[PDB]
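Undergrad: got a sequence here, can you build the structure:
(chains A and B, ligands or ions: 4)
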Amino acid sequence: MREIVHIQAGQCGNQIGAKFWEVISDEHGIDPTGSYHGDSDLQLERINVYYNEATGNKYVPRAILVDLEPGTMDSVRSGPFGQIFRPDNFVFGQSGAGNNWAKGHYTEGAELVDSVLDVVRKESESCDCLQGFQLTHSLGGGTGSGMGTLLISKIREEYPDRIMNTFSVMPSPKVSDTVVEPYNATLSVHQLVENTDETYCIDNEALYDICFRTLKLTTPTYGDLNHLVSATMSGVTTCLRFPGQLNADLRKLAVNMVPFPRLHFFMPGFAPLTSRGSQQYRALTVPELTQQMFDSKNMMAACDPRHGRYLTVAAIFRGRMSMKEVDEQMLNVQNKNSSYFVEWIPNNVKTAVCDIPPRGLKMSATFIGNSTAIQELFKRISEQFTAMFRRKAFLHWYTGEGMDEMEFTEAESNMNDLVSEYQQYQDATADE
Amino acid sequence: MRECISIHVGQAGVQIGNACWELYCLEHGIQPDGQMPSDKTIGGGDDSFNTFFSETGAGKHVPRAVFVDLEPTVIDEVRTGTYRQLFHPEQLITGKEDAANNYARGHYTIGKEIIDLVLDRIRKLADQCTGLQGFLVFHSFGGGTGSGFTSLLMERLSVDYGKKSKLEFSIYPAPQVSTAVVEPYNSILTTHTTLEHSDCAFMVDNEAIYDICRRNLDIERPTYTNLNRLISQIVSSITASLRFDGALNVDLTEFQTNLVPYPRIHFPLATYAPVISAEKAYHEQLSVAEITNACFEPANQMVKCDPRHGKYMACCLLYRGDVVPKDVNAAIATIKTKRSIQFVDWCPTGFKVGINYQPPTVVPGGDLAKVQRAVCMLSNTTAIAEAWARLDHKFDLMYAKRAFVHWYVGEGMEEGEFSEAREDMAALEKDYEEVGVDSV
Ligand SMILES: CC(=O)O[C@H]1C(=O)[C@@]2(C)[C@H]([C@H](OC(=O)c3ccccc3)[C@]3(O)C[C@H](OC(=O)[C@H](O)[C@@H](NC(=O)c4ccccc4)c4ccccc4)C(C)=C1C3(C)C)[C@]1(OC(C)=O)CO[C@@H]1C[C@@H]2O
Ligand SMILES: Nc1nc2c(ncn2[C@@H]2O[C@H](COP(=O)(O)OP(=O)(O)OP(=O)(O)O)[C@@H](O)[C@H]2O)c(=O)[nH]1
Ligand SMILES: Nc1nc2c(ncn2[C@@H]2O[C@H](COP(=O)(O)OP(=O)(O)O)[C@@H](O)[C@H]2O)c(=O)[nH]1
Ligand SMILES: [Mg+2]
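TA: Residues are numbered from 1 along each chain as shown, chains lettered A, B, ... in the order given. Ligands and ions are numbered 1, 2, ... in the order given. You can find the structure just below:
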């Protein structure tokens, strides 16, 4: 058995986690009250991956909810699936960080971190064989970024063996919602690249582009973005819960996607996306899934993959299909797009297949890319960071909470080392 | 009594075992629940042959199998499937994560613990047998479990039993398509296992079977079920001699003697002639000469390697069904007359012949047509070196920059083991090169 402990920090993390739990409960046929009303027998085969069984044949998610503002907690409780969660796991305080990373990491979060770690320890010790943790939050925010980094560091100290995943929403070129996004993003990226095994980069701009262009939604909201992120989250972990012709664990993905320890930032994607009213025209098949997979516009990280090279990608398909077809399609993608893959990793495409598709789709698939183009995002943040650190634009609010210019300087230096690392394998021509 | 112990390590091994045991149960008339209605129908004879199935007092027959895999899912599919009542409940599942396509995890850290229990069950089975012949292990190169745990199991079996024959059936990495980026590392690290402890290792390529299914069986979208069924047919053709009477019976000992000229060249190719669909089953005689010629075609080989780029060291033809020795001799003479098939000068005989009366069976819902005759050709040739060299190149291109090495060395494995394995595989290649050069 391999079970995951889920943690949610910040407003964005809490919203995405609520939608994700809704999606998972629908997939496993769990009612909002916790009872089971499914049809297939495979739903309860691996329910313990994400749930704990209670006395009255109920199932409680293994979620841990964290924030420094009661408003988000009240929003989750006053919702369609508010009653599913264990009330004792609602760990929260007051006087939130207020978009200040120093408050989230050092001043305010340092007190609630003990309670959150106590709940994490209690939940983890009850597992039969823990697999890893997954944390959902936003890097450009306040309490979310700071306390997420703090919890990641503490848990990594506590449980070095287990795999760590993170679903991070990061700033954007155009879509800006807070003024101090570069500071929080820089410090969060420092802590993340230090102390994680996997990190899926999400962007609001890319999700809005997918909504407007692919899904043709006239009025997208945060619900649709959370829906897309939840679909990706379910796709990543589909293989642990259901049987397949070729299984794939999170550890296997980490081994096959991380060539060097510091390169663990990923570009997620999902297929199919049809917009409704065009499903009748489109023919669903593995070539169509792959073509939508490798399209530049389908990525959620707001990076053009054609501005770099793919270090390594992984496709996880769900639904009945032929292995010859998927292997051939991956080969054609590699051969035709010969200039977008590194020449020193032959067959840098991982393939996994599962026989249990989503509830309403005959076939589905998810994509995890690791390419050099992600450097752009970091570079962009670095530029903005410099534009405020040269003059100390908003610095005092941090230094009043127990910080110093040295910490910012080393964070920026670490980001520069990261972007140089990524840039090394972009130019072609090298070796035997 | 003649019997062999079948072992299935990894997902590929377990799936191939599912196909193999389906075919065996259909061949011997054993129901999925283990009861044989033929006993009460006939009241005599021998149908549940002791080669694969052991009989109990209650009339229930249990196979001599040991399924092993670190993933609970693959074996849990079996334990809740149609054949849940066939196998013994002791199914050797590690209730933990998998090797994660890591040789070190499957050999050093996680592959242990369960190894003692697996060897205990194998010891119990071996005590159960009388006149045990050998072991048939099914694994797959490129997988963490199938590499590391296979290494552990083969090593310990060599230490414990030693003299018994050890046949390996493995899926080698293909030249082009594969489902993992670290396949070269595991494949090259498995060279010590496949060369020191295994007495005869057979290798099959997925692309070769895909092409065979596409061209012959007219299956445009094959899947692993068809590949596993073909492998099951191959193993049944190999082991049919130990079960059914025949004019020329080929035991495993004599099978190994005439196919391994030297100790470190025990890596023969395999091929099956009458691979044909129901529609194309008509319009063709499928005589002995046709199948014998079809064996040697490069198109029908089960590994992506051209026999015309090397020399045929030795060959063994195992026929099943309505086959007479005269036609086999005529076909062998015709093949010797052909010049495209080159034989090494130091093997004037070349061919071994075996015949069995039992014709092949057809799985319900399968693709192979019902054929009176069949043959399996198992040939030791030097072309396989090329199939090993391509993979070797990939390993170098991945080892120059030490890519993906930290995962391996973080599980107790040393860096230098990669280079040692590389030098070993380099040797096997040179030897296949040296054994060719004709004498002067
Ligand atoms: C005509 C038809 O077949 O109906 C589809 C549909 O029209 C389309 C357009 C659906 C529809 O999705 C959307 O409209 C949408 C909007 C914003 C963000 C994401 C989706 C659909 O709503 C979504 C819904 O999807 C599911 O049921 C999946 O299992 C999905 N479920 C959920 O997201 C979910 C919804 C409510 C409560 C709990 C879960 C899923 C996908 C991956 C992993 C787990 C679950 C389906 C069948 C449809 C509708 C209803 C119109 C699409 O969604 C998916 C991922 O299935 C959008 O493009 C796909 C492809 C479909 O053709
Ligand atoms: N022909 C065939 N090959 C298979 C099948 N299942 C898996 N494989 C092969 O197995 C390789 C990787 O899977 P395995 O070697 O079985 O790895 P594993 O046994 O699951 O062990 P882990 O890597 O730890 O999960 C792939 O390259 C596949 O080609 C199958 O059903 N039929
Ligand atoms: N996709 C998505 N993003 C959100 C949502 N709510 C907030 N965000 C993003 O989160 C950022 C603000 O961070 P915030 O959650 O307030 O930080 P916190 O106060 O520490 O939790 C903004 O840039 C938003 O784009 C949501 O429901 N969905
Ligand atoms: Mg496995």
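Undergrad: C-alpha from now on. contacts and neighbour counts both.
TA: Noted.
Undergrad: show the subsequent helix or strand relative to the helix or strand containing residue B:135.
TA: Element membership for residue B:135, per DSSP states H and E: strand B:132-138. Next along the chain after strand B:132-138, taking DSSP H and E as the criterion, comes helix B:144-160.
Undergrad: which ones are touching the residue in the stretch 251-400 of chain A positioned nearest to chain B?
TA: The stretch 251-400 of chain A approaches chain B most closely through residue A:252 (3.9 Å), counting by Cα to the nearest Cα. Residue A:252 makes contact with B:99-101 under the criterion Cα atoms under 8 Å, 6 or more residues apart in numbering or on different chains.
Undergrad: got the residue ranges for the strands in chain A?
TA: Chain-ordered strands for chain A, with DSSP state E as the definition, fall at A:3-9, A:51-53, A:59-61, A:63-67, A:90-92, A:130-138, A:163-170, A:199-203, A:265-271, A:310-318, A:349-354, A:364-371.
Undergrad: how about these in a markdown table, adding mean neighbour count and distance to residue B:260?
TA: Supplementary listing: the strands of chain A in a markdown table, determined by neighbours: other Cα atoms under 10 Å in any protein chain shown; distance: least, Cα to Cα, whole Å:
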| stretch | mean neighbour count | distance to residue B:260 |
| --- | --- | --- |
| strand A:3-9 | 23 | 48 |
| strand A:51-53 | 15 | 55 |
| strand A:59-61 | 21 | 59 |
| strand A:63-67 | 26 | 60 |
| strand A:90-92 | 19 | 69 |
| strand A:130-138 | 23 | 46 |
| strand A:163-170 | 23 | 46 |
| strand A:199-203 | 22 | 51 |
| strand A:265-271 | 24 | 49 |
| strand A:310-318 | 24 | 41 |
| strand A:349-354 | 24 | 37 |
| strand A:364-371 | 25 | 46 |
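Undergrad: among these, which is nearest ligand 2?
TA: Comparing the strands of chain A against ligand 2 with Cα to the nearest ligand atom, the closest turns out to be strand A:349-354 (9.2 Å).
Undergrad: let me know whether the closest one sits next to chain B.
TA: Yes - contact of strand A:349-354 with chain B (Cα under 8 Å from any Cα of the partner chain) involves A:349-352.
Undergrad: point out the residues in chain A that sit beside chain B.
TA: Counting by Cα under 8 Å from any Cα, the residues of chain A that sit close to chain B are A:1-2, A:129, A:131, A:242-243, A:245-246, A:248-249, A:251-253, A:255-256, A:258-261, A:321-325, A:327-328, A:331, A:344-352.
Undergrad: now, of those residues, which are buried?
TA: Buried subset of the residues of chain A next to chain B (neighbour count, 16 or more other Cα atoms under 10 Å in any protein chain shown): A:1-2, A:131, A:242-243, A:245-246, A:248-249, A:251-253, A:255-256, A:258-259, A:321-325, A:327-328, A:331, A:344-352.
Undergrad: domain assignment for the chain?
TA: Picked chain A for this. Listed domain ranges for chain A are A:2-259, A:260-373, A:374-431 (source: CATH domains of a matching chain).
Undergrad: oops, I was thinking of chain B
TA: By the assignment in CATH domains of a matching chain, chain B contains the domains B:1-268, B:269-383, B:384-440.
Undergrad: which one, of the ones you listed, ends up nearest to ligand 3?
TA: Across the domains of chain B, the minimum distance to ligand 3, taken as Cα to the nearest ligand atom, is reached by domain B:1-268, at 31.7 Å.
Undergrad: and the end-to-end length of that closest one?
TA: 28 Å (Cα to Cα, to the nearest Å).
Undergrad: and it, does that touch ligand 2?
TA: Yes - looking at domain B:1-268 against ligand 2 by Cα under 6 Å from any ligand atom, the contacts come from B:10-12, B:15, B:98-101, B:140-146, B:178-179, B:206, B:224, B:227-228.
Undergrad: got a list of contacts for the helix or strand harbouring residue B:38?
TA: Residue B:38 belongs to helix B:37-42 when elements are defined using DSSP H and E. The list of residues contacting helix B:37-42 from outside it, by Cα under 8 Å, 6+ apart, reads B:29-31, B:47.
Undergrad: could you do stretch B:399-410 as well?
TA: By Cα under 8 Å, 6+ apart, the surrounding residues in contact with stretch B:399-410 are A:255-256, A:258-261, B:102-105, B:182, B:415.
Undergrad: hey, C-alpha coordinates of that stretch in CSV?
TA: What follows is the C-alpha trace of stretch B:399-410 in CSV, where atoms were taken according to Å, rounded to 0.1, in the frame of the first residue of the first chain:
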residue,chain,number,x,y,z
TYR,B,399,27.0,7.8,-18.8
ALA,B,400,29.3,10.6,-20.2
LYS,B,401,27.6,13.2,-18.1
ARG,B,402,26.5,10.9,-15.2
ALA,B,403,22.9,11.5,-15.9
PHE,B,404,20.4,9.9,-13.5
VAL,B,405,23.3,8.5,-11.5
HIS,B,406,22.5,10.1,-8.2
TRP,B,407,19.3,8.0,-7.9
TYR,B,408,21.3,4.8,-8.2
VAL,B,409,24.1,5.8,-5.9
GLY,B,410,21.7,7.0,-3.2
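Undergrad: can you list the contacts of residue A:252 in TSV and add neighbour count?
TA: Shown next, in TSV, are these (neighbours: other Cα atoms under 10 Å in any protein chain shown):
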residue	neighbour count
B:99	29
B:100	24
B:101	29
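Undergrad: what about residue 142, how many residues close to it?
TA: Using chain A here. Neighbour count for residue A:142, taken as other Cα atoms under 10 Å in any protein chain shown: 27.
Undergrad: that's the wrong chain, I wanted chain B
TA: Applying other Cα under 10 Å, we find 27 other residues in the vicinity of residue B:142.
Undergrad: may I ask you to confirm that it is in contact with residue B:179?
TA: No - counting by Cα atoms under 8 Å, residue B:142 sits too far from residue B:179 to count as a contact (9.0 Å).
Undergrad: ok so, going back, now for the strands of chain A, which one comes closest to residue B:168?
TA: The minimum distance between residue B:168 and those falls on strand A:349-354, with 25.8 Å, by Cα to Cα.
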